[PDB]
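Following: one structure in structure tokens, then a few remarks.
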Amino acid sequence: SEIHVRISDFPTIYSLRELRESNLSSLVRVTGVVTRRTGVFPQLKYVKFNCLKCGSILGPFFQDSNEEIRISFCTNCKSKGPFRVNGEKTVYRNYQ
Amino acid sequence: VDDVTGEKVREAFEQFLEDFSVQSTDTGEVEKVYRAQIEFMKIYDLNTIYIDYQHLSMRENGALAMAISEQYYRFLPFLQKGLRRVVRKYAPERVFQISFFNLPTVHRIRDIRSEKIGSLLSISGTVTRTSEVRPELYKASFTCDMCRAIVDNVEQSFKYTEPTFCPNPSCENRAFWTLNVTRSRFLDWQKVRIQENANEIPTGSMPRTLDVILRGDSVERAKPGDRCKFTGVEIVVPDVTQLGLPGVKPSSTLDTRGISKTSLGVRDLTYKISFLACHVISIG
Amino acid sequence: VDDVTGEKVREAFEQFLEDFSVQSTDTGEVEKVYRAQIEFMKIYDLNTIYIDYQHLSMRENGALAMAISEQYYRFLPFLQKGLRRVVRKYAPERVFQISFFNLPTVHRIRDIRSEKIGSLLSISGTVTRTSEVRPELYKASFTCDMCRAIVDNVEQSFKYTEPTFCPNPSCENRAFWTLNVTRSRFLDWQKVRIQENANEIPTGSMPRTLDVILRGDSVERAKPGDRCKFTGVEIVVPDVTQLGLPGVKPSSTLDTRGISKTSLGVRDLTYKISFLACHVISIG
Numbered sequence: 291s292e293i294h295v296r297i298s299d300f301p302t303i304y305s306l307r308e309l310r311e312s313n314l315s316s317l318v319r320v321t322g323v324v325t326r327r328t329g330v331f332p333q334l335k336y337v338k339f340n341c342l343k344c345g346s347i348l349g350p351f352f353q354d355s356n357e358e359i360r361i362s363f364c365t366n367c368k369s370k371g372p373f374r375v376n377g378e379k380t381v382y383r384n385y386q
Numbered sequence: 103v104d105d106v107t108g109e110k111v112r113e114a115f116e117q118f119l120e121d122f123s124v125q126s127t128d129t130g131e132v133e134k135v136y137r138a139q140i141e142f143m144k145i146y147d148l149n150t151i152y153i154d155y156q157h158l159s160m161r162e163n164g165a166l167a168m169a170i171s172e173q174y175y176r177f178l179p180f181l182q183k184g185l186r187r188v189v190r191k192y193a194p260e261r262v263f264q265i266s267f268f269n270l271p272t273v274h275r276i277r278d279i280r281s282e283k284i285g286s287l288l289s290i291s292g293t294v295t296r297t298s299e300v301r302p303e304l305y306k307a308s309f310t311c312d313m314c315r316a317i318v319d320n321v322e323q324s325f326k327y328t329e330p331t332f333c334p335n336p337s338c339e340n341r342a343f344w345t346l347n348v349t350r351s352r353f354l355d356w357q358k359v360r361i362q363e364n365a366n367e368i369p370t371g372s373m374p375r376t377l378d379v380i381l382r383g384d385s386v387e388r389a390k391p392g393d394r395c396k397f398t399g400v401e402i403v404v405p406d407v408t409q410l411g412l413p414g415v416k417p418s419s420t421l422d423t424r425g426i427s428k429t442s443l444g445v446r447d448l449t450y451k452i453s454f455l456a457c458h459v460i461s462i463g
Numbered sequence: 103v104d105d106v107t108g109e110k111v112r113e114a115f116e117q118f119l120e121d122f123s124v125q126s127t128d129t130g131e132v133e134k135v136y137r138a139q140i141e142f143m144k145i146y147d148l149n150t151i152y153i154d155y156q157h158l159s160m161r162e163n164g165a166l167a168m169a170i171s172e173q174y175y176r177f178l179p180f181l182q183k184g185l186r187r188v189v190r191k192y193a194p260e261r262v263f264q265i266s267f268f269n270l271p272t273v274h275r276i277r278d279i280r281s282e283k284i285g286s287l288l289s290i291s292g293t294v295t296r297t298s299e300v301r302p303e304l305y306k307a308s309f310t311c312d313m314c315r316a317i318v319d320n321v322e323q324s325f326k327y328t329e330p331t332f333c334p335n336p337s338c339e340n341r342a343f344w345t346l347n348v349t350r351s352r353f354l355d356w357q358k359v360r361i362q363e364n365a366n367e368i369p370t371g372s373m374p375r376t377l378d379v380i381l382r383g384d385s386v387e388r389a390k391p392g393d394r395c396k397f398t399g400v401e402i403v404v405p406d407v408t409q410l411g412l413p414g415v416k417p418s419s420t421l422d423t424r425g426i427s428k429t442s443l444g445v446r447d448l449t450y451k452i453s454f455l456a457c458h459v460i461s462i463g
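Chains as they are written, first to last, in the deposited numbering: chain A, 291 to 386; chain 6, 103 to 194, 260 to 429, 442 to 463; chain E, 103 to 194, 260 to 429, 442 to 463.
What follows is the structure, encoded as structure tokens:
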């Protein structure tokens, strides 16, 4: 139910060393040489919490880019702001 | 169905008054009495109507007369909203009150049951212990410290429930805040408690009392020591003191067999019969 | 006085470049070289200037040349702001960098003292261990959760002090929040650490090192293994590790003999000599 796409032919190639402030939040066509890397790690995609005060789970939420969710207080008369991510029912995404 | 039917009630009533008004000839009034009703109100701008029940009993052969007279509480916004479009068709801030008169049937306090709620029944009696003039809000401007604190919104009904769940501020459904006490449209009202007539009381029985509120235009029309006729409509106020009455007490313990889990904020209810009116004539 | 004098420095320098540029005849260049400087920059739009020190030594007989060369750190905004009005007089987003060349006097690391700060002195040496390209913010958009979160504001200087005290939001002076990471104007820079020449080292002494940052246009002009000449200007970076040096350590214990009362958030300082430049030629 979700397809992320690829872009083929961006007709200007900056190899390296030419990055400026005018290059952030933009698409750059980059070449280079594969250096070392790490293993493959899991990262959250759908996040569920469970309110330990008011019984059962909170619900699914979306993985924002480079930021946490931190739902404050709801379904407990919107109070008692303690929460935690549950282990199960959280669909992840592989990271590297 | 019911979205259509009350709207069919709305359009047929919109059809009704926009037709001819009175059958009578040039000897008397000819036509367009309800059309002259707004046009004479356009002269004075008091923003209410005096419409007859008897002319409504003429056209649909009581089929529509026996449509309104049972569940009027169902029929608050439909009677108001269509008439609002009748006004802007003919006339140019505008707030409305709908008044009835000429009820064929008048009963007493003893002829009132809980099956009579929502319906129209006329009650006369003895006015005692009038009270002052006090406002009523019905227009909450209440939203949280998040940016959109401009929610002109709910609690027009008989509940102090200001905040709606789904705004599109940063505020959530649990986020609620106080009402803006400067940007709303109010109305005033008084609260008299009518006593029952002495010409109808049976043996062994004292006369009885009942509270009634006159809102908006019908304030100050009351008079302690007077006989009056009322609007047929009727409401129910929640009570408190009827505890250890005794009786099987209803409760509001919600369902827990829905969402799976890994406290008890439940409530009860015990109300009382009240009365509401908009037209009071003082004949008697 | 000093509001006038640096503005008198601003206007006389505004007088200077807007005058004739070069004395030379039709054999050679005639006039308006600094006027052609912007007009040729108008062709390419690289938004900097190459102005001479020697022509500035001609007109005021060194009275103005001995006004700038001592406290340049005092004279950052005045040299920039008047030139900005020179541009809009002649030309139309605009950001500026001021470059000098032709310093008559060049010294070494050993000829640098703390009395030489703010002044202009040229140092040559041996470039070693260049580093990458990294940005610099100098334009904070940082204000609290109160409505006016749009404060394009301070920490242009060498301090991470985003929030100004007096806004006219609901936010107070103690209210501070993060910078908006999308609406600012940045610049990039690299950081090389120059070593001293071997043709100047005395007996018993090793060559010495010094850090220097080239901001904006002067990035990538550096070359490890090269002899270069610098901008005269100089700055001072706060240090940390000079503790138990030993020495009498300065502190910032503020006054308590002011406001009457009915804890100790005081600090110290221990800095180090750094260097800053904007023009690097690579002769040698």
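Ideal placement from N, C-alpha and C gives every residue a C-beta, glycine not left out.
Query, Result
"For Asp378 (chain E), the three-state DSSP class (helix, strand or coil)", "strand"
"Amino acids of chain C, ordered along the chain, whose beta-carbon sits closer than 9 angstroms to that of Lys368 (chain A)", "The chain inventory of the structure shown lacks chain C, comprising the protein chains A, 6 and E."
"CB contact check: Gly377 (chain A) to chain 6, cutoff 8 angstroms", "no"
"Straight-line Cα distance separating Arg374 (chain A) from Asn340 (chain A)", "6 angstroms"
"Segment contact, 8 angstroms Cβ cut-off, at least three pairs: the stretch 333-340 of chain E with the stretch 400-409 of chain E", "no"
"is_contact[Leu306 (chain A), chain E] using C-beta, thresh 8 angstroms", "no"
"Nearest neighbour of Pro391 (chain 6), chosen from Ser461 (chain 6), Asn149 (chain 6), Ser351 (chain 6), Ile151 (chain 6) [CA to CA]", "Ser461 (chain 6)"
"CB of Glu303 (chain E) within 8 angstroms of CB of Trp344 (chain E), strictly", "no"
"Amino acids of chain E, ordered along the chain, whose beta-carbon sits closer than 7 angstroms to that of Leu309 (chain A)", "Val300"
"Identity of the residues DSSP links to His274 (chain E) by a beta bridge", "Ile290 (chain E)"
"Segment limits, beta strand (DSSP E) that includes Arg383 (chain A)", "382-385"
"Assigned secondary structure, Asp355 (chain E) (DSSP; H/G/I helix, E/B strand, else coil)", "strand"
"For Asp384 (chain 6), three-class secondary structure by DSSP", "helix"
"Proximal residues of chain A, C-beta to C-beta of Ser427 (chain 6) below 7 angstroms", "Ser346"
"Local Cβ density within 10 Å of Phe267 (chain 6), reported as buried at 16 or more and exposed below that", "buried"
"Beta-carbon proximity of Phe454 (chain E) to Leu381 (chain E), cut-off 8 angstroms", "no"
"Nonlocal neighbours in the same chain, by C-beta distance under 6 angstroms from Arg186 (chain E), ignoring five residues either side", "none"
"Rounded distance between the beta-carbons of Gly463 (chain 6) and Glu363 (chain 6), thought under 8 angstroms", "About 14 angstroms; that fails the 8 angstroms criterion."
"Endpoints, alpha helix (DSSP H) assigned at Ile140 (chain 6)", "135-146"
"Simplified DSSP state of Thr107 (chain 6), which is helix, strand or coil", "helix"
"Cβ-based burial, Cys395 (chain E) [other Cβ within 10 Å; buried from 16]", "buried"
"DSSP-derived helix/strand/coil call for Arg301 (chain E)", "strand"
"Cβ contact check for the stretch 356-374 of chain A and the stretch 103-119 of chain 6: 3 or more pairs under 8 angstroms", "no"
"Uninterrupted beta strand (DSSP E) stretches inside the stretch 312-359 of chain 6 (no shorter than 3 residues)", "none"
"Classification of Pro372 (chain A) by the beta-carbon crowding that lies within 10 angstroms, buried from 16 upward", "exposed"
"Proximal residues, the stretch 299-322 of chain E versus chain A, C-beta separation under 7 angstroms", "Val300, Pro302"
"C-beta neighbour in chain 6 for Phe373 (chain A), strict 8 angstroms", "no"
"Element boundaries [beta strand (DSSP E), containing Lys451 (chain E)]", "450-452"
"Straight-line Cα distance separating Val294 (chain E) from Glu131 (chain E)", "37 angstroms"
"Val188 (chain E) - containing alpha helix (DSSP H), residue span", "178-192"
"When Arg112 (chain 6), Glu120 (chain 6), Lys326 (chain 6) are compared against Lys191 (chain 6), the one with the closest alpha-carbon", "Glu120 (chain 6)"
"Beta-carbon spacing of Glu133 (chain E), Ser123 (chain E) below 8 angstroms", "yes"
"Coarse secondary structure for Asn364 (chain 6), derived from DSSP in three states", "coil"
"Three-state class that DSSP yields for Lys390 (chain E) in the structure shown", "coil"
"Stretch pair the stretch 418-429 of chain E + the stretch 313-323 of chain E: three plus CB contacts closer than 8 angstroms", "no"
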